[PDB]
Amino acid sequence: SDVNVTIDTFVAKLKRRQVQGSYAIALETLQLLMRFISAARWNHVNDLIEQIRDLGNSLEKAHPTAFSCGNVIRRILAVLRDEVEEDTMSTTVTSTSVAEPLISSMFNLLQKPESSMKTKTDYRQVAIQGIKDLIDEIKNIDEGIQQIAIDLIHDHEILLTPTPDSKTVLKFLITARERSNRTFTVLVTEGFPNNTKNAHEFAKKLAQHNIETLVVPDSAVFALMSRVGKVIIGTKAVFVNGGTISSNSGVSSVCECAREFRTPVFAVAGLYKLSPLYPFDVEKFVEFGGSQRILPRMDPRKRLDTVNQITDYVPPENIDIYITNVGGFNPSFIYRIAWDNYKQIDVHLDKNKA
Amino acid sequence: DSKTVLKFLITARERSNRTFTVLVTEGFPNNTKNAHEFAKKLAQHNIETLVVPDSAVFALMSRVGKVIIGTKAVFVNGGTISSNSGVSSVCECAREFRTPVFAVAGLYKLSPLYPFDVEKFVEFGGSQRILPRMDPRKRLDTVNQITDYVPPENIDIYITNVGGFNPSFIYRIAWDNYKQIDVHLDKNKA
Amino acid sequence: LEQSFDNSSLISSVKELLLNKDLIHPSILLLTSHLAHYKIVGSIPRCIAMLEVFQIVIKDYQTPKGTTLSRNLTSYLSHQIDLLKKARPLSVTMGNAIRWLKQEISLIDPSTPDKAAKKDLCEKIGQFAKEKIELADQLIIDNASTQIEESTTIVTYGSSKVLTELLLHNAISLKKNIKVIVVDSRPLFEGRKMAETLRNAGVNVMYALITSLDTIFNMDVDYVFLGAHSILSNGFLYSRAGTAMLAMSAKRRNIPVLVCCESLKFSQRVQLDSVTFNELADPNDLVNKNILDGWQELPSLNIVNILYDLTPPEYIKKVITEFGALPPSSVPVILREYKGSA
Amino acid sequence: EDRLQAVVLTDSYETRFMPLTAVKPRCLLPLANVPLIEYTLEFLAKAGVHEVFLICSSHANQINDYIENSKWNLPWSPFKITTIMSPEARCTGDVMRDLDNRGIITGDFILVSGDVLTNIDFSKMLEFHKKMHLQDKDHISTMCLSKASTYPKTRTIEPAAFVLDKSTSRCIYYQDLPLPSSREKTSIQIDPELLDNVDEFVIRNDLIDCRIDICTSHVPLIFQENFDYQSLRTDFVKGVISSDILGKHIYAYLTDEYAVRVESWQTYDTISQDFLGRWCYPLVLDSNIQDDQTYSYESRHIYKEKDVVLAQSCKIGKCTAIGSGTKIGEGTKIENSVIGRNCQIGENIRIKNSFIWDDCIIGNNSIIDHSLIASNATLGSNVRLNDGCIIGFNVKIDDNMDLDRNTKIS
Amino acid sequence: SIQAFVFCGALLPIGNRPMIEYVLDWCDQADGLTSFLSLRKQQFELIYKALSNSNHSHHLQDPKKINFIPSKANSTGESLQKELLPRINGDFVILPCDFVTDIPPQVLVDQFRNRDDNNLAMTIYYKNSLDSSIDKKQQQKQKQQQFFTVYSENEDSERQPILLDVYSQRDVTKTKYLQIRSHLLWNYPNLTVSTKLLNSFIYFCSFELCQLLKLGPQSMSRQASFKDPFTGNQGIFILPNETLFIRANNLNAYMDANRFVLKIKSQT
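Just so you know, the sequences run in chain order A, B, C, D and E. Counting with the UniProt record's numbering, you get residues 16 to 129, 142 to 381 for the letters of the first sequence. Counting with the UniProt record's numbering, you get residues 192 to 381 for the letters of the second sequence. Counting with the UniProt record's numbering, you get residues 247 to 534, 598 to 651 for the letters of the third sequence. Counting with the UniProt record's numbering, you get residues 24 to 433 for the letters of the fourth sequence. Counting with the UniProt record's numbering, you get residues 2 to 10, 67 to 88, 107 to 309, 382 to 415 for the letters of the fifth sequence.
Here it is as structure tokens:
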């Protein structure tokens with residue numbers, strides 16, 4: 016149908032990088048998702064999760080290493096996976112409501128025995156607001172960021188980020204200077220040779236808001252690490268270990284060099300930047316780049332080999348906090364926020380339930 | 192209680208016109224006689240100074256990234272026999288934050304002997320100035336200590352009259368000044 | 247302003263001299279022109295090139311009437327060193343040669359008819375770099391080769407200075423299998439000179455950048471070897487910028503790290519902090598209409614470019630010199646036994 | 024602006040690949056486990072086109088059934104797809120004039136001759152072409168080409184030398200450079216009468232040819248009555264600029280990055296390794312679009328699908344690519360070479376710089392160097408190879424067969 | 002070191074200073108511009124030198140040897156070869172007859188400094204400047220020059236651009252119509268040529284008086300035909388260089404020097 020070709024051009028939108036960043040792909044996968052909601056005839060509530068789980072497997076298998084689209088489809092399933100059990104026990108008579116949100120998850124698989144009366148249409152419209160409330164959360168994640176980080180950071184300390192390609196801290200350190208009138212500086216390195224496009228863009232707009240800033244090269248960041256005692260890292264996605272999928276380049280080893288000086292390592296992440304999946308292989312999520320902008324000569328006869336990398340991964344031992352919209356959290360606590368948003372079935376998002 | 196850095200940080204402000212501050216704790220309750228004497232003369236030479244208590248020195252250790260320790264004597268390991276009280280654990284707390292730990296020592300403050308027992312060189316003090324009530328009937332027990340010892344892993348450099356040196360290099364300066372016979376300084380050559 | 251390392255006055259950007267009291271050698275201006283406009287050296291390349299112009303400039307003696315040749319050249323040559331100090335402050339590869347040369351100015355008597363002044367200086371200062379450099383590098387070759395097996399990998403950083411010749415010996419003059427990992431950094435892409443050379447030599451070379459450094463270590467990797475600029479009296483390696491990040495990581499990833507070096511690259515001085523004693527080099531270089602312009606004239610912007618940085622000696626496992634191998638804490642014992650003694 | 028027409032023509036290099044090509048076209052041949060029809064098709068899917076026009080002067084029946092098994096006959100593709108059958112030896116340009124005698128093509132449209140592979144954007148090419156429209160009404164076209172900077176003389180078959188303008192980049196003249204290993208025919212000639220209104224002009228060599236030109240529909244009508252032109256650039260771009268037609272301006276275009284076209288196996292040797300490396304950024308192999316592949320990327324350029332049986336103690340070197348249905352054995356060596364899907368590898372074989380295609384069984388102790396193998400061609404024991412063995416399709420090889428250089432056997 | 006040498010070949070100087078004199082103290086303006112000596116023919120020097128040796132408190136050390144035969148009586152290419160064996164001291168700089176400029180050679184000898192590309196001769200030139208209009212003279216006598224115009228965008232290779240051959244109007248464009256050997260094209264094969272390139276005759280030079288002694292460059296008249304042969308294999384031999392700039396200088400070649408001094412070169 017007409018919705019079946021808009022997903023195909025959205026499949027075409029996720030092949031050749033027609034959108035980038037952890038922000039804009041999540042809004043555009045979700046506005047496109049509402050077209051599938053408004054033109055679906057499920058006829059059973061377990062068919063509608065079947066209508067969406069294949070669609071994610073038409074998306075995640077189509078492109079794995081994008082995740083702001085990949086975690087919405089599980090979460091918007093989870094708001095309906097909640098309400099299957101809502102209309103289940105309210106249909107029954109004896110034990111209609113206990114309403115405690117947590118049952119012991121170890122024992123639940125280990126005990127197996129074997142007004143809105145029905146209102147079958149409501150799963151559509153509660154996902155129609157489920158379209159809307161997700162985006163309106165995403166529009167102002169920074170208020171929950173800024174409520175806790177000026178609490179967490181203080182006035183007179185030099186700083187450092189390895190991620191200039193983070194529009195969060197690009198917007199956050201404006202009001203971290205503006206409302207809270209704390210004066211400090213930020214060291215800034217380049218994501219050579221990829222975020223150095225934006226690294227020169229980053230401190231220039233901070234030079235407009237004049238936070239004593241100066242650009243360091245990538246090689247020098249150890250030699251000034253003894254002075255700085257606080258680093259913030261604007262990540263791209265985050266998994267269940269507390270090992271996060273960061274931005275493009277250079278940020279993992281300096282996160283390691285920060286950890287060796289017993290320096291606290293900060294990170295910011297929206298709640299929609301969470302992901303209920305596990306990093307089985309680090310190298311199946313570390314995406315590389317091109318031999319073009321790392322040497323442009325292109326010798327065919329000498330013809331050496333060279334390696335680019337446009338994804339860095341850090342262990343959770345090298346990270347300390349998660350400045351989120353709902354508070355700061357341990358690197359090991361990440362499951363409990365995630366399993367309050369995701370379920371154990373659609374994390375193996377695949378038609379073969381082997 | 193180091194007259195070296197008492198004299199040194201005068202000219203470290205005077206000739207070299209570098210501006211900075213020094214945190215200063217007390218050797219409670221023994222060098223706190225001189226700890227209040229120490230920063231006062233530095234307040235005369237006004238190096239932004241402020242006195243910290245002994246309990247607070249962890250809570251401000253995250254800010255400071257350099258510590259200097261005026262020691263009393265130094266042995267062959269690079270483990271030095273320090274001044275009176277409180278200085279060993281804060282030298283340990285400095286080392287845990289990956290903070291460089293400085294020391295100053297004259298060449299005559301060297302010693303060719305080995306610290307076999309730490310406790311045969313750690314001298315204690317008195318039960319007088321650590322609690323003055325002197326109960327004979329309740330009569331608890333309490334411990335003073337007027338010598339701290341540090342391992343050479345917690346130290347980094349030896350600012351001496353003949354240069355800065357490794358914690359493990361200390362033998363070669365010492366054996367250029369001492370001999371293997373009189374280190375066992377005893378009439379019984381058993 | 248809180249660290250105020252921008253107001254660490256280790257170098258300025260002063261130029262434009264005109265003075266003509268001294269008879270300035272024109273070719274020593276070319277040496278300073280070849281350094282400061284675009285750096286083409288390591289440290290022992292300078293120690294060659296500083297010596298390349300010195301053999302020429304002593305050949306033009308120009309000794310005046312009422313002055314002994316011992317009396318003028320201690321001013322004449324030393325006035326030309328300040329031309330280099332405007333371009334680039336010295337190294338110990340600079341420093342140990344020139345004070346040895348000032349000994350040779352002093353130990354001559356008023357007896358030379360200036361025809362004998364060549365060969366008592368020329369071959370002697372030639373036998374300096376024949377011994378202290380060339381066959382000193384020969385003893386590097388046999389020592390490192392027996393510590394390298396076949397079918398292994400080498401990780402280098404920047405342009406090497408002596409271990410280029412070591413990698414040529416094990417790939418061609420011994421033909422044992424070896425893979426080469428050369429990584430350098432913005433702005434000075436001097437490691438590409440090695441990347442040209444060793445594949446011109448025909449060996450497996452994997453070029454790399456320091457931002458992508460982890461995935462090199464995630465493969466079959468060992469034997470991290472390093473170039474050097476000077477060794478501190480503690481054991482700190484004062485070398486090119488970005489050396490320590492692989493030196494911490496490879497030591498953290500439990501594979502050993504060595505520093506190819508020599509006794510001429512030792513020093514009497516000592517420190518333990520990276521940003522204390524260093525050199526800045528013309529902050530326009532980290533730009534390339599560009600993306601930004603105006604580190605000058607704009608409020609709150611600065612460009613730093615660290616050249617030299619210290620590495621902790623606990624990261625270094627083994628230090629190899631021409632006399633042999635040694636653990637990095639045992640560096641300064643050669644200062645009393647060979648440097649000025651051998 | 025809108026209605027991006029195009030014209031795709033294969034079947035000009037049947038002379039080039041004659042030990043192959045007897046059963047399938049050049050455009051059907053697998054570069055990296057998948058052919059090079061769709062390399063162009065997805066590249067003009069990037070162009071945002073509406074229709075294509077195929078030319079199949081030979082092997083016409085086995086083209087459209089592959090399109091029937093493609094995604095392109097299924098109605099969400101960027102273009103509807105049309106073919107034109109033809110008898111053999113119907114050269115370039117005469118394919119145009121008969122199509123021009125049909126006259127479907129309207130306005131601007133896309134010449135893709137040969138078989139191309141690139142990374143260049145469609146955007147900055149086209150307003151540059153529209154800049155020629157805003158600078159000239161007597162315009163012709165804009166020929167986009169790359170810059171083979173560090174390598175002259177290794178563009179294998181023909182060396183092409185171009186002279187063009189500094190400012191307008193109007194291509195002044197074309198003269199084919201001779202064979203560079205032939206040190207004899209050492210002269211070029213450019214008549215300076217047509218050099219009037221340029222006076223600062225650039226004469227180059229390293230513009231590597233890819234024949235990717237787009238032009239208006241007027242210039243094939245110009246090409247129509249001039250029926251004595253038989254090539255694209257060997258005769259026509261010379262005669263349109265060698266003063267015979269008066270006041271006609273063809274432009275070229277240079278890009279700073281990758282665009283290439285297959286000429287021989289030596290071009291097929293180089294750009295396969297360039298595509299297997301990251302020299303084809305961003306059009307990379309783990310995208311897995313075409314036969315919706317399952318390649319997972321690993322470092323040192325490893326392209327493994329699923330269902331890959333990797334044996335013990337077999338070192339896989341740099342720059343390799345492995346499909347499904349494959350099984351390597353003990354003691355073999357895989358380095359710097361693609362591997363076909365659904366094949367078998369025996370014991371102690373050193374595959375090196377050799378492009379083995381699908382459904383191949385290699386006998387033991389039979390090392391292969393610089394010797395690509397086509398489909399269904401098994402081997403025996405002790406089959407030693409060397410440079411240029413371009414052995415073909417379904418070739419049974421008995422034991423102990425050592426071969427010589429340029430073994431074009433079938 | 003650096004040595005000067007001036008060639009020679067209405068005659069009344071218009072711009073209140075002698076024509077021949079305009080390269081004497083101009084090439085030695087400050088300290107820096109000091110060559111070793113300059114040489115010149117007679118050219119009735121008594122009018123020229125007696126005003127040129129005025130206002131002296133400035134150590135005007137002027138030796139000047141005089142010949143008569145390389146002064147349009149002989150081709151200055153072959154005749155100069157015998158005129159260098161007593162004249163050699165180090166590097167060479169030649170000068171044309173009546174050169175004028177605006178930007179001093181202090182930055183032009185700076186171009187001679189960083190020349191570690193083992194060069195033998197770099198040629199600092201410039202094209203035509205902004206002329207008047209479509210002139211009331213004859214047609215554009217264009218010296219079609221055969222060279223490499225812009226800087227090399229490649230590291231380590233022809234880091235100053237190269238003059239490859241040298242021709243003009245009436246020799247090839249009226250006989251063989253701009254033919255080029257493709258063999259000489261093979262070295263740095265991405266060339267650019269122009270038409271208004273004024274041969275400034277400045278020609279920084281070096282120690283090829285030690286190395287002109289092989290046969291083939293010895294038959295050179297007009298002092299430019301040394302890379303006009305490729306001089307290689309059928382490896383490559385030594386390399387030339389070329390440099391130019393953007394704006395704000397002068398020269399003269401033709402009879403338009405009567406009108407160069409009128410509106411372009413006014414001095415206040």
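We put the beta carbon where it would ideally sit given N, CA and C, even for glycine.
For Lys410 (chain E), the uninterrupted alpha helix (DSSP H) segment begins and ends at 404 to 410. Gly437 (chain C) is a Cβ neighbour of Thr402 (chain C), given a cutoff of 9 angstroms.
Residues of chain D whose Cβ lies closer than 9 angstroms to the Cβ of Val268 (chain E) are, in chain order, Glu223, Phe224, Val225, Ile226.
The continuous alpha helix (DSSP H) containing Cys282 (chain B) extends over residues 278 to 287.
Of all residues in the region 438 to 467 of chain C, only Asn450, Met452, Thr461, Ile462, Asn464, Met465 come within less than 9 angstroms of chain D when Cβ atoms are compared, listed by chain position. Here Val225 (chain D) is bridged, per DSSP, to D:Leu187, E:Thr267. Taking the Cβ atoms as the reference, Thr44 (chain D) lies roughly 18 angstroms from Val139 (chain D), outside the contact range of under 8 angstroms. Contact annotation for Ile213 (chain D) against chain E: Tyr252, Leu253, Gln254, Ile255 [CB-CB distance below 9 angstroms, chain order]. Secondary structure note for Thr103 (chain A): its alpha helix (DSSP H) is the uninterrupted segment 87 to 106. Across the set A:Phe360, A:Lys147, A:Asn208, A:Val215, the C-alpha of A:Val215 shows the shortest separation from the C-alpha of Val613 (chain C). Chain C places no beta carbon closer than 9 angstroms to that of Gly382 (chain E), leaving this residue out of the contacts.
By the neighbour-count criterion, in which a residue is buried when 16 or more other Cβ atoms sit within 10 angstroms of its Cβ, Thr522 (chain C) is exposed. Note that the C-beta distance between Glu508 (chain C) and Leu256 (chain C) is not below 9 angstroms.
Using a Cβ distance threshold of 9 angstroms, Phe223 (chain E) and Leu266 (chain E) count as a contacting pair. Listed by position along chain C, the residues whose Cβ is nearer than 7 angstroms to that of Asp173 (chain E) form an empty set, because the closest Cβ is around 29 angstroms away. Relative to the Cα of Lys145 (chain A), the nearest Cα in the group A:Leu70, A:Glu65, A:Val60 belongs to A:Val60. Per DSSP, reduced to three states, the secondary structure at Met108 (chain D) is strand. Fully contained in the region 193 to 280 of chain A are the following alpha helix (DSSP H) runs of length 4 or more, in chain order: 194 to 205, 223 to 235. The C-alpha of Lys311 (chain B) lies about 40 angstroms from the C-alpha of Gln235 (chain B). In this structure, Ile348 (chain A) sits away from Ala285 (chain A), with a CB-CB distance that is not shorter than 9 angstroms. Around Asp268 (chain C), the same chain offers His325 as residues with beta carbons nearer than 6 angstroms, after the five sequence neighbours per side are excluded.
Using a C-beta cut-off of 8 angstroms, the region 325 to 332 of chain D makes contact with the region 344 to 359 of chain D, since at least three inter-stretch Cβ pairs fall below that distance. Per DSSP, the beta-bridge partners of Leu238 (chain E) are E:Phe222. Contact between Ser485 (chain C) and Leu472 (chain C) is confirmed by a C-beta separation of about 7 angstroms, below the 8 angstroms threshold.
Taking a Cβ-Cβ threshold of 8 angstroms, the residues of chain D close to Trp261 (chain E) are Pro175, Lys176, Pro203, in chain order. Of all C-beta pairs linking the region 232 to 248 of chain D to the region 152 to 164 of chain D, three or more are shorter than 8 angstroms, placing the two stretches in contact.
Taking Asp121 (chain D) as reference, the option from D:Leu218, D:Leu67, D:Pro243, D:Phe66 with the minimal CA-CA separation is D:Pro243. Around the beta carbon of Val46 (chain D), fewer than 16 other beta carbons sit within 10 angstroms, so the residue counts as exposed. As for any beta strand (DSSP E) of minimum length 3 sitting wholly inside the region 290 to 333 of chain D, the runs are 319 to 321, 325 to 327, ordered along the chain. Beyond the five residues adjoining it in sequence on each side, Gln298 (chain E) comes within less than 6 angstroms, by CB distance, of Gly152 in the same chain, given in chain order. Look at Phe219 (chain B): its C-beta is not under 9 angstroms from any C-beta on chain A. At a cut-off of 9 angstroms between beta carbons, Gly261 (chain B) makes no contact with chain C.
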